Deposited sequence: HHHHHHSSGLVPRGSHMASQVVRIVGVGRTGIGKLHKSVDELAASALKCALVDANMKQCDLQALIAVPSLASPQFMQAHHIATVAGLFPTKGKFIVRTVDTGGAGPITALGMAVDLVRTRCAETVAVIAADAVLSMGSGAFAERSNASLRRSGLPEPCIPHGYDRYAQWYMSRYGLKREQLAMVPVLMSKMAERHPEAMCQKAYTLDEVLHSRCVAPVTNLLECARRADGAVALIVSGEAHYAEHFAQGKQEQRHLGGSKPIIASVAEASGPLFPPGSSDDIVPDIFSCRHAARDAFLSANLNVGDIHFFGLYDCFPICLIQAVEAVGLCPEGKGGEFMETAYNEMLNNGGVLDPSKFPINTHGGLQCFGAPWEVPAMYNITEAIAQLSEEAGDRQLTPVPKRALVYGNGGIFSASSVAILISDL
């Protein structure tokens, strides 16, 4: 096949940054190049995902032009891809493909957005407009996921309080991350008594609006060692995708994460027991609950109980959530770290790399994980992208 690694990582801060999407993208890319010990001229491709704050025709080309990558010497392949929040991992798979087919020896993958700075009114309008023809009441995306949550409750007996436990657990993780937007952990009642957004979905269960950008540099192992030289630059062991409808009608074969996860495991010749860090998309509680089931951390229908077990162990440990007992989204995820539209799957990757390189600080897993699984989700369970990262 040929071994391909994430050789560079760079990102901006997260929050209300008062910067343009182009500035954030450019800053993230520069950080990534420094992290890779590379220069602009060493890049042979660039892949990006669209922005909601600043929608732009041929986004990747726009970013590349403004950042001053042109004119280049030799070949440069640029591409914008849209699979929603699955994008960054989708783009990762494409980057691997460009390397293996020898279309490009090195690839930059960039995601950038500013949905907190854009204002609540504009965000709500554009995010709702994203689900035309769905029949979903506003806000549409939360209502779409809420409809799947209610189906889980009816089908599998998922409890309302088990959904609400997700942001509690994520807030416990987030408060150990210096940059996470949530710096104080929630109580279960606080989540349950927060503003109602949809019948079984409250405000503190919604993905947290943020500005932010992340850039990844992908390269063949051999090429990188020759010119620019484990866990800090992990091997992309596999990437797999699967898809579903953009909005709900409900049958279990609609969900695509399990198929994507299974294909990623087979591709990498690994199993769930070999993975000791999980960066799992958590735009709403039902997404994370379905994710842990899909990747095989627990049986089908037992995701809610998986959350409750961790929540109870947290309460019986003096309110402390031990990462070793819940090695998932140690950064806080979309719930409590932040969610810049199609960006935040990048934070599953960056947090995985931090853990694999033993640079996650107070969030650090012990023993150091050798292998990580990351998961990005787009639309309303419409796009699944799963990748497995290994140190060696």
property: Deposited-sequence ranges lacking C-alpha coordinates, in sequence order; result: 1-18, 248-256, 277-281, 425
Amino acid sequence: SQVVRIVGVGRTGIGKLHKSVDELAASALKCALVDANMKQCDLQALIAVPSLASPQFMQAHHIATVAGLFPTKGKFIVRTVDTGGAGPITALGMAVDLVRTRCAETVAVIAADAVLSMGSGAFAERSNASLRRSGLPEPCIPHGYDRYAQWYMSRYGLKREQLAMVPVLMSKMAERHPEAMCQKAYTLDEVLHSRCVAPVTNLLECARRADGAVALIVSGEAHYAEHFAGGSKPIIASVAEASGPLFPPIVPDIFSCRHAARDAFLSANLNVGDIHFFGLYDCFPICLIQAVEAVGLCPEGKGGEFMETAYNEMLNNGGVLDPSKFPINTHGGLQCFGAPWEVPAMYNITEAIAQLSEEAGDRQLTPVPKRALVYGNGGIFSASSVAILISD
From here on, numbers count along this sequence of modelled residues.
| item | value |
| --- | --- |
| Mean C-alpha B-factor comparison - 122-130 and 260-268, higher one | 122-130 |
| Which of 278-286 and 192-200 has higher mean CA B factor, as the PDB entry lists it | 192-200 |
| Among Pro50, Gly333, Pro340, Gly361 - the residue whose C-alpha B-factor is largest in the record | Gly361 |
| Residue with maximal Cα B-factor (values as given in the PDB entry) among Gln183, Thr83, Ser238, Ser243 | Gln183 |
| Relative C-alpha B-factor of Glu221, binned into the chain's lowest, middle or highest third | highest |
| Chain thirds of CA B-factor: placement of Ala207 | lowest |
| Lowest, middle or highest third - CA B-factor, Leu24 | middle |
| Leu33 - which third its CA temperature factor falls in, relative to the rest of the chain | middle |
| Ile328 - which third its CA temperature factor falls in, relative to the rest of the chain | lowest |
